[PDB]
Amino acid sequence: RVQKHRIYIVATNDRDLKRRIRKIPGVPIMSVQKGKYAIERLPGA
Amino acid sequence: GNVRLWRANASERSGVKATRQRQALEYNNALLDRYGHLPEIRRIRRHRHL
Amino acid sequence: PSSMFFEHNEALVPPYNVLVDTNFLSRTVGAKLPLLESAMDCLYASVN
Amino acid sequence: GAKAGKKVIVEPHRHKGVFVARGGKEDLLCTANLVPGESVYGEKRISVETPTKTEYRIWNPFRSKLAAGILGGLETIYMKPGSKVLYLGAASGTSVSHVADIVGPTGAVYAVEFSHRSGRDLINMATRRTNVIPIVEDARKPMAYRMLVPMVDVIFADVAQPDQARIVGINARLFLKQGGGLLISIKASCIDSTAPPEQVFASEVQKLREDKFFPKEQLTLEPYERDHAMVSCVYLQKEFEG
Amino acid sequence: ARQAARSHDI
Amino acid sequence: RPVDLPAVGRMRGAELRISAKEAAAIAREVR
Amino acid sequence: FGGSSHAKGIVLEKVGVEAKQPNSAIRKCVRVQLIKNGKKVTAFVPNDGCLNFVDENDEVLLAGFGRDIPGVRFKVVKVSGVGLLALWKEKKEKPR
Amino acid sequence: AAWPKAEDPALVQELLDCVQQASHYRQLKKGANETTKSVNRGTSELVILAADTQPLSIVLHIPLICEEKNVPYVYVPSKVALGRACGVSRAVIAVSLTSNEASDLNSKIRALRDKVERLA
Amino acid sequence: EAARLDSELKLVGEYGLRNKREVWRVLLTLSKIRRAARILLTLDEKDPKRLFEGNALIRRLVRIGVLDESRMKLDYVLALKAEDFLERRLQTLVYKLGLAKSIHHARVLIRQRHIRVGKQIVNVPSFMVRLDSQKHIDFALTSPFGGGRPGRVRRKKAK
RNA sequence: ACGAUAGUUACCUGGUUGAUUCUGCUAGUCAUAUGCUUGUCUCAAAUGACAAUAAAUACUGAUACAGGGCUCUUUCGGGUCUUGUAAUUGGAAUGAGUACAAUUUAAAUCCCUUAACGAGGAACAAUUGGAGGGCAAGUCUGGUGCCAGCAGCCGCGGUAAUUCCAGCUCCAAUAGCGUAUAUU
């Protein structure tokens, strides 16, 4: 779904999923970091 | 929190049927109602995974 | 894909559409975090 | 430019009906003209004397989004010669003329114009080309020509209306064979001016799947128009025809 | 600690 | 890890132990 | 070493003064004696040209060296209080 | 015949306001022929046509190509007011304001075209 | 990260700023204002603190003019963007108005003192121009394109 | 009423293994030292790169000529169309600086007014890191001949001689940045 549209921000916590989505460009990655949330690849923040 | 929709007649799909199709299925039904008690066919009609 | 400028997405604007993963959801409600409040927190942006 | 009278050749294109005229410095898109030797809108046309009667017509992609999508290279537009083709948005019938030339003297086009004067142009082109029948009424109310449109196979749609998804939903529900093929044109500025157009596209797609389609191809017809997306889908099934 | 490291630098 | 356990302390069966420091840590967060 | 980030030391002997390959690290190595602990160690200079400037019994500042001879942990940074890299770019002269 | 007529309540004034904005931002073509050529080239963001014009067939033939291109066209009841709102010293019956990729006038066009889209 | 770098590079290209230092300045200010917007959403409706702070802030933001006057909602104040902020930047208004042929052209004009806002000359091209002040952007009377003396090179070839 | 008069109306199938396919392969410290670089304006911890504020090192054409220019999943393969040049010319704008004066002030300086000068690169002289490519009548080392490796200001001559990749390429930051250690 992310490949088809390329409009979302994915929130996961598996590093293998993270590798998978990091393979494709232009998608931001959300993961909680046990204190709060943590965004990876969005530039506007 | 689901309302699941199940069929009765565990295999007998809905749809209008062509003549031989329903003759076949009624044929198999009454065929069971004769031979349901043989051990072989009985076990593979009572075998259901739980 | 359209609006894709060299590994940068120019179309991602608030209201941000985010996707929820299972393990994400699990560990977040383990961490007792209000999902939408914490999302609007980290983003500072309106989310669906 | 591609000035008149140049010698070019024509070869088949991979969709049936459409041909490609290539020559010199110019390659361009064309279709067999049914009514030979008579322009539609001052379009350019190509003669050929075969060992007389046969003449083709070029399309402008800048004029018709159908053309632009084909140049972008959609997979398949479902409208083979012989296929009954519903149109939506008979904007004076230019692209409708082109699609009529595709579906040929054995096919059929049923067209919808809502404005009257555009309809005058439309029925004029219908009076010329016999395989297109016009329908001038409101496309939002397919009850208005449910007596007039039989079961068609491909719905083209290019209206600029904000309720576009529910429009095509009802017209599809009344006029499409199981295994329906449709193309639809998306002007993101018309649907939702504020939003990023790719997400606009996505929302359109999800409304269509909500109205029981299955999308199978989608592209921005970019170098011919800004912020429009051609979407190709199927009604009610997965593979195309049946 | 920073004072200790600074002093070692001195 | 089980998701149902609250994080203020540890749980043995239906019993939740909360040390005096954690309730005083809540006494810090309220102020 | 110690707790400091740098160390001052004394050039014993540019061991590897009989070298065949120019940019080999046993060319670029030099034994120094860090002063405060009086200890002999060896360090690398980043470049053979700078090795030409460095001579014996000059006070040497050196630090950590982190990224054919892995294990030398230090790298010389300043000699006689002057920046080796500035000598190497020919910015300053070396006080003797 | 001019059934997409604009109404009184400040709608018309918003039109003239954005018209003057476009005349300043130089994103405006003016007069029937230039409006025609802009919509022929499809560049027009929106098109506004007078209604008090001596016989109206000009601003009736323009909505033909507006219905072809499917561009929002709208009827305004004072061509002299169009001339004043453009800053002409001459009364204009046909105006066409085009779109650019970078402006907030563009957002004004989006709002105005949504309003006329609800209108017609 | 390539998204960060491509993003900032795209921004300086479409608005020829000087550096990522200027970019991150605009970004840190966006972060403050969207953070205040978020805490105002953390308050609830008909809370008078939220009402007063919200109307005051949206008034500030449409008064500088970066918000469109059509929408007045804190959701859109939170949906604001740096493209609008650098559109608000002075030099970009000059290039949009057309006093210069390019964005770098306009920045050079603001450096060597040809354009004025209303009364006064401004040397800095990153001046916050308000909606009320966007009109009175014109050449200096001392500028040769405004009048006065013909200019240095004009003088030297006229000599 | 037709319906199991002893529910045995039970149980009679709990599920190895293997193959294939699709994924997977560090950054902050008001933290100390130190290095490198510093044209303008305000500002100031102890004059000032300790910070902080704003931003120069240039803008726009024309003409000529060349045909490649880029990209990338899948690479002796694909995908996309105007791009360049140490090319030839034309235009303008000038702020640092130079500075008559006037003014400020206990006297000065600074600020604000101010006549006049003040761009063609070989200059009015941007920096700091990182990665890479090209090389000899040169050197060094290894060996079942020409290969390979590291390397290379050193070459036959020649210092008023040379005019060389003629200023090689690319990434980052940019008037600030690097490195060490502690780290977090």
# chains A, B, ... in the order shown; residues from 1 in each chain; ligands from 1
call {"tool": "interface_residues", "arguments": {"of": "chain E", "to": "chain G", "cutoff": "8 Å", "atoms": "only C-alpha atoms", "output": "list in words"}}
result
residues 5, 8 and 9 of chain E
call {"tool": "write_last_selection", "arguments": {"atoms": "N, CA and C atoms", "output": "CSV table (one decimal), in the first residue's frame"}}
result
chain,number,residue,atom,x,y,z
E,5,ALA,N,39.1,16.8,34.9
E,5,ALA,CA,39.6,16.7,33.6
E,5,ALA,C,40.3,18.0,33.1
E,8,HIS,N,43.7,18.2,34.8
E,8,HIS,CA,44.6,17.3,34.1
E,8,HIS,C,45.1,18.0,32.8
E,9,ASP,N,44.2,18.7,32.1
E,9,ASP,CA,44.6,19.5,31.0
E,9,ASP,C,45.6,20.6,31.4
call {"tool": "closest_atom_pairs", "arguments": {"of": "chain D", "to": "chain A", "cutoff": "9 Å", "atoms": "only C-alpha atoms", "output": "tab-separated table"}}
result
residue	atom	partner	partner_atom	distance
D:198	CA	A:7	CA	7.2
D:199	CA	A:7	CA	6.2
D:201	CA	A:5	CA	8.6
D:202	CA	A:5	CA	6.7
call {"tool": "select_by_dssp", "arguments": {"residues": "range 14-210 of chain D", "states": "strand (DSSP E or B)", "output": "VMD selection string"}}
result
chain D and resid 18 to 23 26 to 32 45 to 47 55 to 58 84 to 86 108 to 110 113 132 to 133 136 152 to 157 176 to 187
call {"tool": "write_last_selection", "arguments": {"atoms": "C-alpha atoms", "output": "mmCIF file, in the first residue's frame"}}
result
data_model
loop_
_atom_site.group_PDB
_atom_site.id
_atom_site.type_symbol
_atom_site.label_atom_id
_atom_site.label_comp_id
_atom_site.auth_asym_id
_atom_site.auth_seq_id
_atom_site.Cartn_x
_atom_site.Cartn_y
_atom_site.Cartn_z
ATOM 1 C CA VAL D 18 -5.254 3.141 -32.478
ATOM 2 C CA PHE D 19 -2.390 3.571 -34.840
ATOM 3 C CA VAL D 20 0.753 5.600 -34.594
ATOM 4 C CA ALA D 21 1.825 7.815 -37.453
ATOM 5 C CA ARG D 22 5.565 8.284 -37.423
ATOM 6 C CA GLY D 23 7.518 10.396 -39.849
ATOM 7 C CA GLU D 26 7.356 13.806 -35.748
ATOM 8 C CA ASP D 27 5.626 10.856 -34.167
ATOM 9 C CA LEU D 28 1.946 11.178 -33.266
ATOM 10 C CA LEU D 29 -1.323 9.439 -32.547
ATOM 11 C CA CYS D 30 -4.087 8.572 -34.946
ATOM 12 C CA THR D 31 -7.205 6.552 -35.541
ATOM 13 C CA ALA D 32 -9.079 5.258 -38.560
ATOM 14 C CA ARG D 45 -6.155 14.128 -40.825
ATOM 15 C CA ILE D 46 -3.934 11.756 -42.791
ATOM 16 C CA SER D 47 -4.716 10.558 -46.285
ATOM 17 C CA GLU D 55 -8.206 8.247 -44.124
ATOM 18 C CA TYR D 56 -7.116 8.608 -40.519
ATOM 19 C CA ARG D 57 -7.381 11.405 -37.976
ATOM 20 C CA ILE D 58 -4.707 12.593 -35.572
ATOM 21 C CA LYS D 84 -19.945 -0.920 -26.151
ATOM 22 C CA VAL D 85 -18.541 2.244 -24.706
ATOM 23 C CA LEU D 86 -20.369 4.485 -22.352
ATOM 24 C CA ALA D 108 -21.449 1.710 -30.066
ATOM 25 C CA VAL D 109 -20.901 4.856 -28.026
ATOM 26 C CA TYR D 110 -23.570 6.278 -25.800
ATOM 27 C CA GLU D 113 -23.827 15.935 -22.355
ATOM 28 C CA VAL D 132 -22.427 7.269 -31.467
ATOM 29 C CA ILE D 133 -25.767 8.160 -30.005
ATOM 30 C CA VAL D 136 -28.225 15.110 -23.356
ATOM 31 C CA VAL D 152 -22.063 -1.458 -21.958
ATOM 32 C CA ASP D 153 -18.597 -2.769 -21.226
ATOM 33 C CA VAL D 154 -16.355 0.251 -20.833
ATOM 34 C CA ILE D 155 -17.221 3.474 -19.039
ATOM 35 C CA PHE D 156 -15.018 6.355 -19.877
ATOM 36 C CA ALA D 157 -15.610 9.247 -17.507
ATOM 37 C CA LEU D 176 -22.051 -2.046 -16.462
ATOM 38 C CA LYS D 177 -21.532 -5.659 -17.160
ATOM 39 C CA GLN D 178 -20.039 -7.827 -14.465
ATOM 40 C CA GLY D 179 -16.498 -7.612 -15.438
ATOM 41 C CA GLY D 180 -16.788 -3.907 -16.109
ATOM 42 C CA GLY D 181 -13.907 -1.847 -17.400
ATOM 43 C CA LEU D 182 -13.638 1.803 -16.666
ATOM 44 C CA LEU D 183 -11.345 4.743 -17.027
ATOM 45 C CA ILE D 184 -11.829 7.952 -15.126
ATOM 46 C CA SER D 185 -10.130 11.334 -15.279
ATOM 47 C CA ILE D 186 -9.180 13.090 -12.068
ATOM 48 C CA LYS D 187 -8.711 16.833 -11.741
#
call {"tool": "interface_residues", "arguments": {"of": "chain C", "to": "chain F", "cutoff": "8 Å", "atoms": "only C-alpha atoms", "output": "number ranges by chain"}}
result
C: 26-27, 29-32
call {"tool": "write_last_selection", "arguments": {"atoms": "N, CA, C and O atoms", "output": "PDB file, in the first residue's frame"}}
result
ATOM      1  N   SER C  26       0.810  -2.429  20.091  1.00  0.00           N
ATOM      2  CA  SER C  26       0.990  -3.242  21.286  1.00  0.00           C
ATOM      3  C   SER C  26       1.917  -2.568  22.277  1.00  0.00           C
ATOM      4  O   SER C  26       1.562  -2.381  23.447  1.00  0.00           O
ATOM      5  N   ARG C  27       3.100  -2.186  21.827  1.00  0.00           N
ATOM      6  CA  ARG C  27       4.051  -1.604  22.752  1.00  0.00           C
ATOM      7  C   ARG C  27       3.643  -0.206  23.176  1.00  0.00           C
ATOM      8  O   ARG C  27       3.984   0.210  24.283  1.00  0.00           O
ATOM      9  N   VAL C  29       0.374   0.869  23.779  1.00  0.00           N
ATOM     10  CA  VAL C  29      -0.552   0.763  24.896  1.00  0.00           C
ATOM     11  C   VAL C  29       0.070  -0.005  26.056  1.00  0.00           C
ATOM     12  O   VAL C  29      -0.428   0.065  27.182  1.00  0.00           O
ATOM     13  N   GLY C  30       1.150  -0.750  25.819  1.00  0.00           N
ATOM     14  CA  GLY C  30       1.963  -1.184  26.937  1.00  0.00           C
ATOM     15  C   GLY C  30       2.598  -0.018  27.659  1.00  0.00           C
ATOM     16  O   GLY C  30       2.561   0.050  28.889  1.00  0.00           O
ATOM     17  N   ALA C  31       3.135   0.938  26.908  1.00  0.00           N
ATOM     18  CA  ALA C  31       3.744   2.136  27.458  1.00  0.00           C
ATOM     19  C   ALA C  31       2.719   3.156  27.914  1.00  0.00           C
ATOM     20  O   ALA C  31       3.098   4.290  28.229  1.00  0.00           O
ATOM     21  N   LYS C  32       1.433   2.797  27.881  1.00  0.00           N
ATOM     22  CA  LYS C  32       0.365   3.538  28.557  1.00  0.00           C
ATOM     23  C   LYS C  32       0.191   4.920  27.947  1.00  0.00           C
ATOM     24  O   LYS C  32      -0.156   5.888  28.623  1.00  0.00           O
TER      25      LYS C  32
END
call {"tool": "residues_around", "arguments": {"residues": "residue 106 in chain D", "least_positions_apart": "2", "cutoff": "9 Å", "atoms": "only C-alpha atoms (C1' of nucleotides)", "output": "list in words"}}
result
residues 81, 82, 83, 103, 104, 108 and 131 of chain D
call {"tool": "write_last_selection", "arguments": {"atoms": "C-alpha atoms", "output": "mmCIF file, in the first residue's frame"}}
result
data_model
loop_
_atom_site.group_PDB
_atom_site.id
_atom_site.type_symbol
_atom_site.label_atom_id
_atom_site.label_comp_id
_atom_site.auth_asym_id
_atom_site.auth_seq_id
_atom_site.Cartn_x
_atom_site.Cartn_y
_atom_site.Cartn_z
ATOM 1 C CA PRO D 81 -13.243 -2.675 -31.526
ATOM 2 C CA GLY D 82 -16.702 -4.008 -30.950
ATOM 3 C CA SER D 83 -16.989 -2.942 -27.350
ATOM 4 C CA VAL D 103 -15.112 1.394 -31.683
ATOM 5 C CA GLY D 104 -15.955 1.358 -35.350
ATOM 6 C CA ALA D 108 -21.449 1.710 -30.066
ATOM 7 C CA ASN D 131 -22.121 4.652 -34.174
#
call {"tool": "residues_around", "arguments": {"residues": "residue 56 in chain J", "least_positions_apart": "4", "cutoff": "9 Å", "atoms": "only C-alpha atoms (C1' of nucleotides)", "output": "count of residues only"}}
result
5
call {"tool": "residues_around", "arguments": {"residues": "range 19-29 of chain A", "least_positions_apart": "4", "cutoff": "7 Å", "atoms": "only C-alpha atoms (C1' of nucleotides)", "output": "PyMOL selection string"}}
result
(chain A and resi 8-11+15+39-42) or (chain C and resi 7-9) or (chain I and resi 3)
call {"tool": "residues_around", "arguments": {"residues": "range 62-66 of chain J", "least_positions_apart": "4", "cutoff": "9 Å", "atoms": "only C-alpha atoms (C1' of nucleotides)", "output": "JSON, numbers by chain"}}
result
{"J": [84, 85, 87, 88, 89, 90]}
call {"tool": "select_by_dssp", "arguments": {"residues": "chain F", "states": "alpha helix (DSSP H)", "output": "list in words"}}
result
residues 20, 21, 22, 23, 24, 25, 26, 27, 28 and 29 of chain F
call {"tool": "residues_around", "arguments": {"residues": "residue 167 in chain D", "least_positions_apart": "2", "cutoff": "10 Å", "atoms": "only C-alpha atoms (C1' of nucleotides)", "output": "list in words"}}
result
residues 88, 139, 140, 141, 142, 157, 159, 161, 162, 163, 164, 165, 169, 170, 171, 172 and 173 of chain D
call {"tool": "interface_residues", "arguments": {"of": "chain I", "to": "chain J", "cutoff": "8 Å", "atoms": "only C-alpha atoms (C1' of nucleotides)", "output": "list in words"}}
result
residues 101, 104, 105, 108, 109, 111, 112, 124, 152 and 153 of chain I
call {"tool": "write_last_selection", "arguments": {"atoms": "N, CA and C atoms", "output": "PDB file, in the first residue's frame"}}
result
ATOM      1  N   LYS I 101      14.238  40.331 -12.166  1.00  0.00           N
ATOM      2  CA  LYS I 101      14.071  39.282 -13.161  1.00  0.00           C
ATOM      3  C   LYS I 101      14.212  37.913 -12.519  1.00  0.00           C
ATOM      4  N   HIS I 104      17.636  35.887  -7.204  1.00  0.00           N
ATOM      5  CA  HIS I 104      18.939  36.403  -6.824  1.00  0.00           C
ATOM      6  C   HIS I 104      19.085  37.853  -7.230  1.00  0.00           C
ATOM      7  N   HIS I 105      18.500  38.214  -8.374  1.00  0.00           N
ATOM      8  CA  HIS I 105      18.406  39.611  -8.763  1.00  0.00           C
ATOM      9  C   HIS I 105      17.769  40.446  -7.662  1.00  0.00           C
ATOM     10  N   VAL I 108      19.985  40.864  -4.625  1.00  0.00           N
ATOM     11  CA  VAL I 108      21.022  41.865  -4.871  1.00  0.00           C
ATOM     12  C   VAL I 108      20.451  43.274  -4.757  1.00  0.00           C
ATOM     13  N   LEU I 109      19.219  43.481  -5.237  1.00  0.00           N
ATOM     14  CA  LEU I 109      18.583  44.791  -5.076  1.00  0.00           C
ATOM     15  C   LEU I 109      18.430  45.153  -3.606  1.00  0.00           C
ATOM     16  N   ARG I 111      20.242  44.050  -1.172  1.00  0.00           N
ATOM     17  CA  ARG I 111      21.560  44.286  -0.594  1.00  0.00           C
ATOM     18  C   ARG I 111      22.068  45.687  -0.910  1.00  0.00           C
ATOM     19  N   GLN I 112      22.076  46.078  -2.185  1.00  0.00           N
ATOM     20  CA  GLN I 112      22.607  47.387  -2.553  1.00  0.00           C
ATOM     21  C   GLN I 112      21.521  48.452  -2.670  1.00  0.00           C
ATOM     22  N   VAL I 124      18.075  44.219   4.425  1.00  0.00           N
ATOM     23  CA  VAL I 124      17.989  42.784   4.686  1.00  0.00           C
ATOM     24  C   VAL I 124      16.861  42.194   3.847  1.00  0.00           C
ATOM     25  N   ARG I 152      26.349  55.102 -11.158  1.00  0.00           N
ATOM     26  CA  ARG I 152      27.807  55.096 -11.232  1.00  0.00           C
ATOM     27  C   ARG I 152      28.302  54.817 -12.648  1.00  0.00           C
ATOM     28  N   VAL I 153      27.873  53.696 -13.232  1.00  0.00           N
ATOM     29  CA  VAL I 153      28.335  53.322 -14.566  1.00  0.00           C
ATOM     30  C   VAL I 153      27.799  54.286 -15.611  1.00  0.00           C
TER      31      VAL I 153
END
call {"tool": "interface_residues", "arguments": {"of": "chain I", "to": "chain H", "cutoff": "8 Å", "atoms": "only C-alpha atoms", "output": "number ranges by chain"}}
result
I: 68, 96-97
call {"tool": "interface_residues", "arguments": {"of": "chain C", "to": "chain D", "cutoff": "10 Å", "atoms": "only C-alpha atoms", "output": "PyMOL selection string"}}
result
chain C and resi 1-3+10-15+17
call {"tool": "atom_distance", "arguments": {"atom1": "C1' of residue 45 in chain J", "atom2": "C1' of residue 178 in chain J"}}
result
24.1 Å
call {"tool": "atom_distance", "arguments": {"atom1": "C1' of residue 103 in chain J", "atom2": "CA of residue 118 in chain I"}}
result
27.3 Å
call {"tool": "atom_distance", "arguments": {"atom1": "CA of residue 82 in chain G", "atom2": "CA of residue 50 in chain G"}}
result
12.0 Å
